[PDB]
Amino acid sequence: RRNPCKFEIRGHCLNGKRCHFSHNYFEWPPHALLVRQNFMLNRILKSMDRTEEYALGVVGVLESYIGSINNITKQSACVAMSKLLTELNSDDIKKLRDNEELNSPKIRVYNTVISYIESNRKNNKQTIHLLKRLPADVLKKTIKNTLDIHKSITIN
């Protein structure tokens, strides 16, 4: 039985006839089929959109900007903020807002984040401007909340 072409697993094998691995999904085992869909989804999504800031992550960058370390400019923070908002989805926040009792101050912040997520989906270029207009101390508050929600959602 021919094994699945690992190039095709990540998308499209580019070796033409030379390549002697399977490119025929019908004979692939399921796990390879699963993995490919993940790479292909990643590509689809990308399509409709420095060394230590990479190793930090968007979270690392943002946490660093808060503690004023690793030389994170406020501009870079705002951009990273945009990337974080994109990774979040309003519906998960709304779900959390529903668990809160009225006039809980958490509800104010949930709605603030939610409105940011929505500005960001419409036009991330200006959402980033907005975020830059904020005074440092309030931007950091917001970032810290967004991060906390982000962590929160992901562990339940």
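The first residue of the sequence shown is number 1, and the count goes up from there.
Per the records, residue 50 is among the residues left out by at least a third of the other compared entries, whereas the shown structure includes it.
Gap between residue 49 and residue 50: 10 or more deposited residues without coordinates. Note on 64-72 vs 93-101: mean CA B-factor is higher in 93-101. Mean C-alpha B-factor is higher over 123-131 than over the other stretch, the pair under comparison being 123-131 and 107-115.
Among the modelled residues of its chain, residue 1 has a C-alpha B-factor that falls in the highest third according to the deposited record. In this PDB entry, the Cα temperature factor of residue 149 sits in the bottom third of its chain's modelled residues, the lowest group. Ranked within its chain, residue 18 lands in the middle third, by CA B factor from the PDB record.
The deposited CA B-factor of residue 138 belongs to the highest third of values across its chain.
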